[PDB]
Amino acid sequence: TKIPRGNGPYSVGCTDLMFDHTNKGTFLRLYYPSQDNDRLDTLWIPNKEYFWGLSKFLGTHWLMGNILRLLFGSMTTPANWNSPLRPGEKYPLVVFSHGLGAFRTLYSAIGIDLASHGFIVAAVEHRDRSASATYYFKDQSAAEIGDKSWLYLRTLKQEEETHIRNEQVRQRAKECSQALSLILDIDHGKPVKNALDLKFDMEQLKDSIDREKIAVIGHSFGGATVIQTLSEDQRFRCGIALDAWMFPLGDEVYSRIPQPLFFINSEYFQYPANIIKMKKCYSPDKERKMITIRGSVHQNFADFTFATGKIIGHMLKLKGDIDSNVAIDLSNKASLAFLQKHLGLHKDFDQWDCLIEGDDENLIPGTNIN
């Protein structure tokens, strides 16, 4: 793998939680501070149906699914699969929301970095038909046999794009809120039968969460999800929207977000109709920060920026002019300073306070669109 290891002092583990087993239950990948750093063996894209889903998203046919699976089917991401939770402290929690055509495992560079700095991160899989694929179980017996029911991205007609994208962002916000409720309930002793049979005992999460230090983070469709979630759910104390795609949001949302909100944009994705909606969030009674990463494209926030070499990266728009490792470091470090500021963490993340103001060779303060 070329997906970077976490830069923080904690070793990082990974597992999957589905509860309840149904299409209305919560599904998330958990990245967390590990007790042991035994081996970096987590499978990046762990089922073949996700390659079929990716293929349908990219508008290709049956054959490209099998090529992507041949290329990436065994690629790992640097986290200890089912490693025990590091005991004796309460961790801040991030709920993470993926963009259109993605699913829970494709922001491991972001999730492993936050975990290596002492966060638990819950990367949610959406059941809104925005994921390229996702699964659930029709009953408890199906969950015991591993007899998965698959759900693939919904292709939309232009006529319905406004209505359905707004219905999707509302469901997505409900899913971020449900996932938070699952983790907080486990933190306070709710017994849960994970619908997946994994060596990670969810009991370990008992009294492991710092309940006042909760953030929501998301990319693209996920950035819109950040804003919807903040508007509905004051348990989320701040939001970080990575290249927010603002189109799905209703105008009622902009006046309802008291929490601090951070926009981290790619230089090469943003456009005036998008930026104006970001600027409708600004108000002298609210904390809003915006930076742009110089030489970055949309995909610099996701794991596919690390999946290919420099030249094929640029050809496919998975990489920009900036180094993929340098982009994600600026994103993760800026995020850490912001989470230290607005969650009241007692760490050294304030060293990167300058990246929040866009003070780096590789950052623009605010936006090039200005």
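One rule holds for the numbers: they count along the sequence shown, beginning at 1. Only the largest set of C-alpha atoms that superpose within 1.5 Å between the two forms is called the rigid core.
Greater average departure of CA atoms from the shown form, over structures and residues in 8 other deposited structures of this protein after a core fit, characterises 139 to 147 among 139 to 147 and 70 to 78. Looking at mean Cα B-factors across 332 to 340 and 318 to 326, the upper value is held by 318 to 326. For the pair 197 to 205 and 289 to 297, the record assigns the higher mean C-alpha temperature factor to 197 to 205.
Ranking 220, 266, 74, 274 by Cα temperature factor from the entry places 74 first. Each of 260, 101, 84, 92 has a CA temperature factor in the record; the biggest one is found at 84.
Looking at the C-alpha B-factors along this chain, the one for residue 184 belongs to the lowest third.
Ranked by C-alpha B-factor against the other modelled residues of its chain, residue 45 falls in the middle third. In the PDB entry, residue 254 places in the highest third of its chain by CA B-factor. Residue-level temperature factors show residue 78 in the middle third of its chain, judged at the C-alpha atom.
Per the deposited record, the Cα B-factor of residue 128 falls in the lowest third when ranked against the other modelled residues of its chain.
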